[PDB]
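Source file: run14.cif. Holds: mmCIF, C-alpha atoms and all ligand atoms.
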data_input
loop_
_atom_site.label_atom_id
_atom_site.label_comp_id
_atom_site.auth_asym_id
_atom_site.auth_seq_id
_atom_site.Cartn_x
_atom_site.Cartn_y
_atom_site.Cartn_z
CA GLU L 1 43.43 0.76 -10.15
CA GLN L 2 40.08 2.60 -10.23
CA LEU L 3 37.82 1.67 -7.32
CA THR L 4 34.19 0.89 -7.95
CA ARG L 5 31.57 2.81 -5.99
CA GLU L 6 30.94 -0.39 -4.03
CA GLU L 7 34.64 -0.70 -3.19
CA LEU L 8 34.81 2.95 -2.18
CA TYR L 9 31.89 2.65 0.23
CA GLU L 10 33.33 -0.54 1.74
CA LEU L 11 36.65 1.29 2.11
CA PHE L 12 34.72 4.09 3.87
CA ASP L 13 34.36 1.70 6.80
CA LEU L 14 38.08 0.88 6.98
CA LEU L 15 38.44 4.62 7.74
CA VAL L 16 37.52 4.86 11.42
CA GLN L 17 39.98 7.75 11.91
CA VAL L 18 40.88 10.59 9.57
CA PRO L 19 43.62 9.17 7.29
CA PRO L 20 46.61 11.15 5.97
CA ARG L 21 45.88 13.82 3.38
CA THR L 22 47.59 11.88 0.56
CA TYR L 23 45.15 9.07 1.30
CA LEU L 24 42.22 11.49 1.24
CA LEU L 25 43.39 12.91 -2.10
CA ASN L 26 43.66 9.39 -3.52
CA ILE L 27 40.06 8.70 -2.48
CA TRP L 28 38.95 11.93 -4.19
CA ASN L 29 40.64 10.84 -7.43
CA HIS L 30 38.65 7.60 -7.28
CA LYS L 31 35.53 9.72 -6.71
CA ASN L 32 36.39 11.76 -9.82
CA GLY L 33 36.83 8.57 -11.85
CA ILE L 34 33.41 7.32 -10.75
CA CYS L 35 31.65 10.57 -11.63
CA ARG L 36 33.50 10.99 -14.94
CA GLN L 37 32.47 7.49 -16.01
CA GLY L 38 28.90 8.50 -15.20
CA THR L 39 29.29 11.45 -17.57
CA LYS L 40 30.75 9.22 -20.31
CA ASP L 41 27.79 6.85 -19.85
CA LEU L 42 25.26 9.69 -20.03
CA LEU L 43 26.76 11.01 -23.28
CA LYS L 44 26.81 7.48 -24.72
CA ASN L 45 23.15 7.01 -23.84
CA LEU L 46 22.17 10.45 -25.15
CA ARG L 47 24.04 9.88 -28.41
CA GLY L 48 21.91 6.77 -28.90
CA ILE L 49 18.63 8.71 -28.81
CA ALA L 50 19.84 11.90 -30.48
CA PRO L 51 18.44 12.32 -34.01
CA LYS L 52 20.46 12.18 -37.22
CA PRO L 53 9.87 22.92 -31.71
CA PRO L 54 13.53 23.27 -30.65
CA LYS L 55 16.49 22.89 -33.00
CA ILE L 56 19.08 21.65 -30.51
CA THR L 57 22.01 19.82 -32.08
CA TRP L 58 24.30 17.16 -30.68
CA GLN L 59 27.05 19.79 -30.36
CA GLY L 60 24.70 21.92 -28.25
CA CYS L 61 23.72 19.03 -25.96
CA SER L 62 27.38 18.10 -25.56
CA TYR L 63 28.45 21.67 -24.71
CA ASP L 64 25.68 22.04 -22.12
CA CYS L 65 26.35 18.66 -20.50
CA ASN L 66 30.10 19.17 -20.35
CA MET L 67 29.72 22.69 -18.93
CA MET L 68 27.36 21.49 -16.18
CA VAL L 69 29.55 18.54 -15.16
CA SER L 70 32.86 20.39 -15.38
CA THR L 71 31.52 23.27 -13.27
CA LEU L 72 30.13 20.84 -10.69
CA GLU L 73 33.48 19.03 -10.48
CA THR L 74 35.32 22.31 -9.78
CA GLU L 75 32.77 23.39 -7.16
CA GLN L 76 32.89 20.02 -5.38
CA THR L 77 36.70 19.88 -5.40
CA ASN L 78 36.85 23.35 -3.83
CA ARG L 79 34.39 22.30 -1.13
CA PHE L 80 36.55 19.20 -0.58
CA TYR L 81 39.77 21.15 -0.02
CA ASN L 82 37.99 23.50 2.38
CA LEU L 83 36.77 20.51 4.39
CA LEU L 84 40.30 19.12 4.51
CA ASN L 85 41.88 22.41 5.55
CA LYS L 86 39.41 22.92 8.42
CA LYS L 87 40.29 19.42 9.74
CA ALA L 88 36.77 18.00 9.62
CA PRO L 89 35.97 14.70 11.37
CA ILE L 90 36.14 11.57 9.26
CA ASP L 91 32.36 11.05 9.43
CA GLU L 92 31.73 14.50 7.97
CA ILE L 93 34.25 13.94 5.18
CA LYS L 94 32.78 10.54 4.26
CA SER L 95 29.25 11.95 4.14
CA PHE L 96 30.53 14.85 2.03
CA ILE L 97 32.13 12.56 -0.56
CA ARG L 98 29.09 10.25 -0.80
CA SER L 99 26.82 13.30 -1.08
CA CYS L 100 28.97 14.68 -3.92
CA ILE L 101 28.53 11.42 -5.84
CA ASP L 102 24.77 11.57 -5.17
CA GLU L 103 24.75 15.16 -6.45
CA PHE L 104 26.50 14.06 -9.66
CA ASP L 105 23.96 11.26 -10.06
CA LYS L 106 21.16 13.83 -9.77
CA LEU L 107 22.84 16.11 -12.32
CA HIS L 108 23.24 13.19 -14.74
CA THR L 109 19.57 12.37 -14.20
CA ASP L 110 18.53 15.99 -14.75
CA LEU L 111 20.48 16.16 -18.02
CA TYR L 112 19.14 12.84 -19.30
CA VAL L 113 15.52 13.84 -18.54
CA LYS L 114 16.01 17.24 -20.22
CA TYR L 115 17.46 15.86 -23.46
CA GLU L 116 15.29 12.75 -23.60
CA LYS L 117 12.30 15.06 -23.91
CA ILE L 118 13.89 17.33 -26.52
CA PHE L 119 15.28 14.53 -28.68
CA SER L 120 12.06 12.49 -28.60
CA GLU L 121 10.03 15.56 -29.61
CA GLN L 122 12.46 16.31 -32.46
CA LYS L 123 11.98 12.77 -33.81
CA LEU L 124 8.25 13.53 -34.28
CA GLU L 125 6.25 15.05 -37.19
CA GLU B 1 1.58 18.44 5.61
CA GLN B 2 3.55 17.62 2.43
CA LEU B 3 7.14 18.79 2.05
CA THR B 4 8.36 20.16 -1.24
CA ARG B 5 11.22 18.44 -3.01
CA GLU B 6 13.47 21.32 -1.95
CA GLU B 7 12.39 20.96 1.69
CA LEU B 8 12.97 17.20 1.60
CA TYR B 9 16.49 17.63 0.20
CA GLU B 10 17.16 20.15 2.98
CA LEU B 11 16.25 17.57 5.65
CA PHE B 12 18.68 15.07 4.09
CA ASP B 13 21.64 17.28 5.02
CA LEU B 14 20.34 17.57 8.60
CA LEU B 15 20.38 13.80 9.14
CA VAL B 16 24.02 13.45 10.16
CA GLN B 17 23.51 10.54 12.56
CA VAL B 18 21.06 7.64 12.28
CA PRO B 19 17.61 8.89 13.30
CA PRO B 20 14.70 6.97 14.83
CA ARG B 21 12.57 4.77 12.61
CA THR B 22 9.52 7.04 12.92
CA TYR B 23 11.58 9.87 11.45
CA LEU B 24 12.75 7.76 8.49
CA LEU B 25 9.20 6.53 7.82
CA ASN B 26 8.02 10.14 7.87
CA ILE B 27 10.70 11.08 5.33
CA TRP B 28 9.60 8.17 3.14
CA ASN B 29 6.01 9.37 3.18
CA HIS B 30 7.11 12.80 1.94
CA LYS B 31 9.13 11.06 -0.77
CA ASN B 32 5.95 9.19 -1.75
CA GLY B 33 4.00 12.46 -1.86
CA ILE B 34 6.60 14.08 -4.14
CA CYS B 35 6.61 11.15 -6.57
CA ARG B 36 2.79 10.96 -6.57
CA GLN B 37 2.56 14.64 -7.49
CA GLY B 38 5.01 13.90 -10.31
CA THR B 39 2.60 11.20 -11.48
CA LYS B 40 -0.37 13.58 -11.30
CA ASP B 41 1.62 16.14 -13.33
CA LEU B 42 2.51 13.51 -15.93
CA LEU B 43 -1.14 12.56 -16.43
CA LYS B 44 -2.16 16.21 -16.66
CA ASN B 45 0.41 16.81 -19.41
CA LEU B 46 -0.56 13.59 -21.17
CA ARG B 47 -4.21 14.69 -21.20
CA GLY B 48 -3.17 17.69 -23.27
CA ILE B 49 -1.86 15.45 -26.06
CA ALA B 50 -4.39 12.61 -25.82
CA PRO B 51 -6.97 12.09 -28.58
CA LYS B 52 -10.47 13.48 -28.10
CA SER B 53 -4.75 -2.34 -37.96
CA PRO B 54 -3.64 -2.78 -34.30
CA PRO B 55 -5.91 -1.23 -31.65
CA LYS B 56 -5.86 2.54 -31.30
CA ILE B 57 -4.31 3.69 -28.04
CA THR B 58 -6.86 5.58 -25.95
CA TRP B 59 -6.72 7.67 -22.82
CA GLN B 60 -7.88 4.69 -20.75
CA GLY B 61 -5.00 2.49 -21.92
CA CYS B 62 -2.42 5.23 -21.44
CA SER B 63 -3.76 5.83 -17.94
CA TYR B 64 -3.87 2.14 -16.96
CA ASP B 65 -0.28 1.61 -18.13
CA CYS B 66 1.12 4.70 -16.42
CA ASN B 67 -0.57 3.94 -13.09
CA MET B 68 0.57 0.31 -13.16
CA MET B 69 4.16 1.32 -13.91
CA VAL B 70 4.34 3.98 -11.17
CA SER B 71 2.40 1.98 -8.58
CA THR B 72 4.66 -1.05 -9.09
CA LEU B 73 7.80 1.07 -8.82
CA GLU B 74 6.41 2.58 -5.61
CA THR B 75 5.91 -0.89 -4.15
CA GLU B 76 9.35 -2.11 -5.20
CA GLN B 77 11.14 0.96 -3.85
CA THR B 78 9.27 0.75 -0.53
CA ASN B 79 10.32 -2.89 -0.20
CA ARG B 80 13.96 -1.93 -0.79
CA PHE B 81 13.59 0.87 1.77
CA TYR B 82 12.31 -1.49 4.47
CA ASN B 83 15.16 -3.89 3.66
CA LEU B 84 17.69 -1.15 4.40
CA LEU B 85 15.93 -0.24 7.64
CA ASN B 86 15.82 -3.86 8.82
CA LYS B 87 19.49 -4.49 7.99
CA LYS B 88 20.37 -1.29 9.93
CA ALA B 89 21.94 0.55 7.01
CA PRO B 90 24.04 3.60 7.94
CA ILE B 91 22.50 6.98 7.29
CA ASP B 92 24.76 7.84 4.30
CA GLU B 93 23.51 4.70 2.55
CA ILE B 94 19.86 5.48 3.31
CA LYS B 95 20.28 9.04 2.04
CA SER B 96 21.84 7.84 -1.23
CA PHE B 97 19.04 5.29 -1.63
CA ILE B 98 16.21 7.79 -1.14
CA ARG B 99 17.86 10.28 -3.49
CA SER B 100 18.33 7.53 -6.08
CA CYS B 101 14.67 6.49 -5.78
CA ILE B 102 13.56 10.02 -6.63
CA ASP B 103 15.92 10.04 -9.64
CA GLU B 104 14.47 6.67 -10.73
CA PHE B 105 10.93 8.07 -10.52
CA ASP B 106 11.89 11.17 -12.52
CA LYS B 107 13.32 8.87 -15.21
CA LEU B 108 10.19 6.70 -15.25
CA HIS B 109 7.92 9.74 -15.55
CA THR B 110 9.99 11.03 -18.48
CA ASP B 111 10.15 7.61 -20.15
CA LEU B 112 6.34 7.30 -19.92
CA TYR B 113 5.74 10.79 -21.32
CA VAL B 114 8.06 10.20 -24.27
CA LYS B 115 6.43 6.81 -24.92
CA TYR B 116 2.95 8.30 -25.17
CA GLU B 117 4.05 11.45 -26.97
CA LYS B 118 5.35 9.14 -29.73
CA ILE B 119 2.32 6.82 -29.75
CA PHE B 120 -0.23 9.65 -29.81
CA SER B 121 1.74 11.45 -32.53
CA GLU B 122 1.96 8.46 -34.87
CA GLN B 123 -1.73 7.59 -34.47
CA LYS B 124 -2.74 11.14 -35.43
CA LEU B 125 -2.15 10.32 -39.12
HG HG X 201 6.95 16.61 -20.12
#
Give the structure from this file in structure tokens form.
Amino acid sequence: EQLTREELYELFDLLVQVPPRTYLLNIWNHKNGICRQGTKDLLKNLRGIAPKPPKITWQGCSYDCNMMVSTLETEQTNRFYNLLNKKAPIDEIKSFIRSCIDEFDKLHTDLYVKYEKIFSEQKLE
Amino acid sequence: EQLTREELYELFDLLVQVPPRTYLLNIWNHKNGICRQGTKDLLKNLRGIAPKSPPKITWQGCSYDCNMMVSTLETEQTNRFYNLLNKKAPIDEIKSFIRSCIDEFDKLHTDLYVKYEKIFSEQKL
């Protein structure tokens, strides 16, 4: 039952107090599902404009993108558990989760911009 | 003074509660300055590749199109910003919005560059 981003942010107002940790972990799994669908969408969009100067291949783009997103996911999850363990207020936790999603959106933007330029230049000459 | 992108992102993490309107307007003006420098950089780069049946695309046309696209996006984003202010959006939502507007401008700048790179390349034969 994957929550949409909209449903997650609405649910972030039903949390006026810090909920139990199981609840918090459930929310983080929905966060992961949202970011991972963003990655799937990025790779789908990049595959569309990849060709069939630099000599970057689809396999290279895919390795780079997957390494950046997988490393970001690990780093964010670690920051999440540290927030939990230090018993942070609910407002801080909510801002942290929304900021992690924003950070993934910026990474997906950075990757799209980077490869849009390379692929478009390869399609030339 | 004009904040760098990195300085603006730093401020975002220091808005933890909802700040006065003057502060948010000030942040928006720095956002505008960052996106306008991105537009200046785009036109500089495009000048490098500009020339020196259907009509030939010239520097004038390229410049008119780019400035219309970025100026209209500026207007539309500012109108969405004022909507959030007036509806008293919580700070996490405003922060996501401003971050997303900068991503949208980065994408537009890249889309424009790729568009003209292709057009100027094809004409050159
Ligand atoms: Hg460029």
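What chain B places within 7 Å of chain L, counting only C-alpha atoms, is residues 92, 96, 103, 107, 110, 114 and 118 of chain B.
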Please report as CSV every residue of chain B lying within 10 Å of ligand HG 201 (chain X), along with the nearest atom pair and their distance in Å (one decimal), using all atoms listed in the file.
residue,atom,partner,partner_atom,distance
B:41,CA,X:HG201,HG,8.6
B:42,CA,X:HG201,HG,6.8
B:43,CA,X:HG201,HG,9.8
B:44,CA,X:HG201,HG,9.8
B:45,CA,X:HG201,HG,6.6
B:46,CA,X:HG201,HG,8.2
B:109,CA,X:HG201,HG,8.3
B:110,CA,X:HG201,HG,6.6
B:111,CA,X:HG201,HG,9.6
B:112,CA,X:HG201,HG,9.3
B:113,CA,X:HG201,HG,6.1
B:114,CA,X:HG201,HG,7.7
B:117,CA,X:HG201,HG,9.1
Query raised in the report: Hey, can you check how far CA of residue 69 in chain L sits from CA of residue 101 in chain B?
Result: 21.3 Å
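Nearest residue to residue 10 in chain L among B:93, B:11, B:54, B:72 is B:93, counting all atoms listed in the file.
A straight line drawn from CA of residue 10 in chain B to CA of residue 111 in chain L is 21.6 Å long.
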